[PDB]
């Protein structure tokens, strides 16, 4: 899996041990941990394969962040805070809830000030409760000046050269992630390039390449859980998702100062280590490089994923109702392509 856990400097003991990792049915192989000076890492990023960069200093001024420093300087803005009854957080598109009334949310969002989220957090911890919170908020301009200069201290020289050397679109947003220990963002894929910059705590990252689409069974494109796996990693229904017995992931554990390149359309399962405290992450999202003019075959796996996405979308608009997409596709293939 994540291999032997790393030893921290000053003989401060192992960063983590295997008992902080949850258990799953599939095998994993390690994502390489390299230096940004190492051309191997430059090659993996160009080939859109994940790599963990150990020395970008991307969010070096942010490494001092904790709950106290942030609450004092983050400002008086509103922060999206997602609550969950269990460790699996259930995210959904609230716009697409119009198409699936038979879908009930179990992880609702709540806007609140940063001091309210910290108050609500220690309230759960002193009460011994089991409710979980996950703060996910795009950084805007309403943030204090001390956090502003921390932001200015990011290694923009390195990441901008990466944005230009790959031909990516410009940075779209910076997402701040403050999660509780044991929190799980279940497997899903994103449509942009991601630099996963870990700040506080450790996160286990399990990635699946786009060519394992048929092993991970994403929800219908019109479903509020579009881009998420239907497979319950904790209780995989092998009768509904038989190819999940063939899935094989890429695994790593990122700590403070580590930066994980999650390529676009790559599945990822992110969990904050059990009994590891709160985790802090900042994501850098870039739109992928524009699709080239000369179409070259064979197609990349992610290009076929985009094709299936658009067939579903266009079929939903053509039939006038997304709920008829399913039966028409079965009509199209039953006894004709299977």
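Basically, rigid core = biggest C-alpha set you can superpose within 1.5 Å across the two forms. Numbering follows the first chain given and starts at 1.
Choosing between 196 to 204 and 88 to 96, the greater Cα displacement from the shown form in 9 other deposited structures of this protein, fitted by the core, goes with 88 to 96. Between stretches 97 to 105 and 208 to 216, the one whose Cα atoms sit farther from the displayed model in 9 other deposited structures of this protein on average is 97 to 105 (core-aligned, root mean square).
Legend: mean Cα B-factor per stretch from the PDB entry, 90 to 98 versus 248 to 256; the higher mean is in 90 to 98. The deposited model assigns a higher average Cα B-factor to 293 to 301 than to the other stretch when 37 to 45 and 293 to 301 are compared. The PDB entry assigns its highest CA temperature factor, among 190, 232, 211, 110, to 110. Based on the entry's C-alpha B-factors, the most elevated value among 240, 223, 203, 115 belongs to 115.
Among the modelled residues of the chain, residue 143 sits in the highest third by CA temperature factor in this PDB entry. Ranked within its chain, residue 75 lands in the highest third, by CA B factor from the PDB record. In the deposited entry, the Cα temperature factor of residue 182 sits in the middle third of values across the chain's modelled residues. In the PDB entry, a CA B factor belonging to the lowest third of its chain's modelled residues is recorded for residue 198. Compared with the other modelled residues of the chain, the Cα B-factor recorded for residue 163 ranks in the middle third.
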